[PDB]
Amino acid sequence: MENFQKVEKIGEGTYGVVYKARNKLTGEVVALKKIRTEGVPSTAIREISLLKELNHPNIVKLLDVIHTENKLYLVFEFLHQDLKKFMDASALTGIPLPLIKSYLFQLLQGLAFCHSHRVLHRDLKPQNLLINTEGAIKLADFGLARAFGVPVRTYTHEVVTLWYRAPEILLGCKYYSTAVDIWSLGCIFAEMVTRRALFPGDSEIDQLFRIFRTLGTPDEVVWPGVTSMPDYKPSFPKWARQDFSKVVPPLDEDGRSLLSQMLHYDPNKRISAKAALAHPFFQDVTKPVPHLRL
Ligand SMILES: Nc1nc(Nc2ccc(S(N)(=O)=O)cc2)sc1C(=O)c1ccc(S(N)(=O)=O)cc1
């Protein structure tokens, strides 16, 4: 827009590019996402606009949604670093458990909030988690693709991560529940602990099979209805579940217990954000300040 001064290009999210920009008028620094054959996604646009009322300390504030010149601009409050960069920067030492615990706790508070408002994120991943120098972490760029959907790339060639995708989505569910967000966050929690992506699939089937190899191929006993899912194949290999102590060493038992509930196959058995906040893993949670290099 003419009212903004592009500072730098931040990310190449799907559907658009994200820029750091300054409001020529107010001088305020923001994150600006620019989106976009025709048709006018009036319905999608409505939904996106509803997100403006989402106000919570752990959700990135959406300041404005501007439709103009066959382009859609989303203006967000700016944060200085995402969790992906922080994890990469902390790869040699690892993130302190108290900090990991604080971030997980805050993100569950954020999800408990948006889920109570019937809002799903749908695409949680480290790049969509932003941190500041004060020790806060926030949920960014809600997808609610229940309106705009999802093609195959951003809009102009670029690989999309499947690493945090819930199994029900990979099996073609059609109707996601808030449980898909808990799954993605469990995957992120594991990654912060081990400093390695939990399920790094390079294709939908590889993603699904990496999940099966670790958690066991699901069946009707652990996930009623799984064999009737759209993309389920009786021909799927049958892997036995691995011992969990092998999955996230050296996470303590409270942590492993919580992770196991965030990773239940059955969406109905998977723990809710509200219940997770009450898990004993958070008994001694605090709010440490991270060492951020900006
Ligand atoms: N609010 C906000 N702030 C940001 N800043 C920032 C600063 C430094 C770094 S970094 N790689 O550590 O130097 C990364 C981000 S980004 C962002 C978003 O609201 C947003 C919008 C869209 C997407 S998406 N799904 O990728 O399109 C992701 C985040």
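Reading the values: the criteria
Residues numbered from 1 in each chain as written, not as in the entry; some residues may be left out. Heavy atoms only, no water. Helix = DSSP H or I, 4+ residues; strand = E, 2+ residues; numbered from the N terminus. Rg over C-alpha atoms; globule rule 2.2 N^0.38 Å. Buried < 20%, exposed > 50% of the residue type's maximum accessible area, 1.4 Å probe, protein only. Areas by Shrake-Rupley, 256 points an atom, 1.4 Å probe, with all protein chains shown as cover. Domains from an automatic or database assignment. Contact = heavy atoms within 4.5 Å. Buried area = accessible area lost by both parts, 1.4 Å probe. Salt bridge = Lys/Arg side-chain N within 4 Å of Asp/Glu carboxyl O. Polar contact = N/O pair within 3.5 Å; in protein donor to acceptor, adjacent residues only side chain to side chain. Nonpolar A, V, L, I, M, F, W, Y, C, P; charged D, E, K, R; others polar. UniProt positions renumbered as here; feature names shortened; annotations may be inferred. Near = heavy atom within 4 Å. Axes fitted to C-alpha atoms, helices over the stretch in contact; angles between N-to-C directions. Left-handed = near helix turned anticlockwise from the far one by under 90°. Parallel < 35°, antiparallel > 145°, perpendicular 65-115°, else oblique.

This deposited entry lists X-ray crystallography as its structure determination method and 1.82 Å as its resolution.

### Focus on the overall build of the protein
Regarding its fold elements, the protein presents nine helices and eight strands. A globule of 294 residues ought to have a C-alpha radius of gyration of about 19 Å, and the protein, at 19 Å, matches this closely. Summarising its shape, the C-alpha atoms of the protein cover approximately 60 × 45 × 35 Å along the three principal directions. For the protein, buried positions account for 48% of its 294 residues. Of the roughly 15300 Å² of accessible surface on the protein, 52% is carried by carbon and sulfur atoms.

### Some words on the domain arrangement of the protein
A common measure of how large an interface is: the accessible area buried when the components associate. By domain assignment, the protein separates into domain 1 (1-80) and domain 2 (81-291). A separation of 25 Å is found between the C-alpha centroids of domain 1 and domain 2. The partner domain 2 presents 28 residues to the 22 residues of domain 1 that form the contact. For the pair domain 1 and domain 2, the summed buried area comes to about 2300 Å², and 66% of that belongs to carbon and sulfur atoms. Looking only at domain 1, the three residues that lose the most surface to domain 2 are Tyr15, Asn58 and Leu79, adding up to 30% of its buried area. Across the domain 1-domain 2 interface, the total number found is three salt bridges. Residue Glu77 pairs with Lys138 through a salt bridge whose shortest N-O separation is 3.3 Å. Joining domain 1 to domain 2, the criterion identifies 11 residue pairs in polar contact. Partitioned by chemical class, the residues of the side of domain 1 that touches domain 2 number 11 nonpolar, seven polar and four charged.

### Observations regarding the UniProt feature "binding site: Mg(2+)" in the protein
UniProt's entry tags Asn128 and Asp141 with the feature "binding site: Mg(2+)", counted in the numbering of this structure. On the secondary structure map, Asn128 appears in the loop between α3 (97-116) and β7 (129-131). Classification of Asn128 as buried rests on a relative accessible area of 9%. With residues up to four places along the chain from it excluded, the contact list for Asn128 reads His121, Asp123, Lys138, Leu139, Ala140 and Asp141. A distance of 2.8 Å separates a polar atom in the side chain of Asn128 from the backbone oxygen of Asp123. Residue position: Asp141 is located in the loop between β8 (137-139) and α4 (145-148). Look past the residues within four positions of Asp141 in its chain and what remains in contact with it is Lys33, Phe76, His121 and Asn128.

### What about the site of the ligand?
Taken together, the neighbourhood of the ligand is formed by 19 residues, with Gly13, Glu77, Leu79, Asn128 and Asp141 sitting nearest. At 3.1 Å, a backbone N or O of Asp82 approaches an oxygen atom of the ligand. In this structure, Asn128 approaches the ligand through a side-chain N or O atom, which is 2.7 Å from a nitrogen atom. Contact with the protein chains removes 87% of the 630 Å² of surface that the ligand exposes when unbound. Only β3 (29-35), β5 (71-77) and β6 (81-82) provide two or more residues apiece to the shell around the ligand. Here the shell around the ligand is built from residues that sort into nine nonpolar, five polar and five charged. For the shell around the ligand, the domains that each give at least three residues are domain 1 (1-80) and domain 2 (81-291).

### Remarks on the packing of helix α6 (residues 179-194) against helix α8 (residues 253-262)
α8 packs onto α6 with a crossing angle of 145° between their chain directions and a minimal axis gap of 8 Å. Crossing angle aside, the handedness with which α6 passes α8 is left-handed. Contacts between α6 and α8 involve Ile182, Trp183, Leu185, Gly186, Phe189 and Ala190 from the former and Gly255, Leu258, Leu259 and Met262 from the latter. When the residues that make up the contact of α6 with α8 are grouped by side-chain class, the tally is eight nonpolar, two polar and no charged.

### A word on unusual backbone geometry
Note: most peptide bonds trans; most residues except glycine with negative phi. The amide bond that connects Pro249 to the next residue, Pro250, takes the cis arrangement and shows omega of 0°. Within the secondary structure, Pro250 sits in the loop between α7 (204-215) and α8. Despite not being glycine, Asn70 has its phi angle at roughly 55°, a positive value. Relative to the helices and strands, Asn70 is located in the loop between β4 (62-68) and β5. Located in the positive-phi region is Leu144, a residue other than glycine, with phi close to 35°.

### Points about the packing of α3 against α6
As a packed pair, α3 and α6 sit with axes 11 Å apart at the nearest point and diverge in direction by 170°. For the element pair α3 / α6, the angle class is roughly antiparallel. Only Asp181, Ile182, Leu185, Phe189, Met192 and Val193 of α6 make contact with α3, whose side of the interface consists of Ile100, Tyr103, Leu104, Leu107, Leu108, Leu111 and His115. For the contact of α3 with α6, the per-class residue count stands at 11 nonpolar, one polar and one charged.

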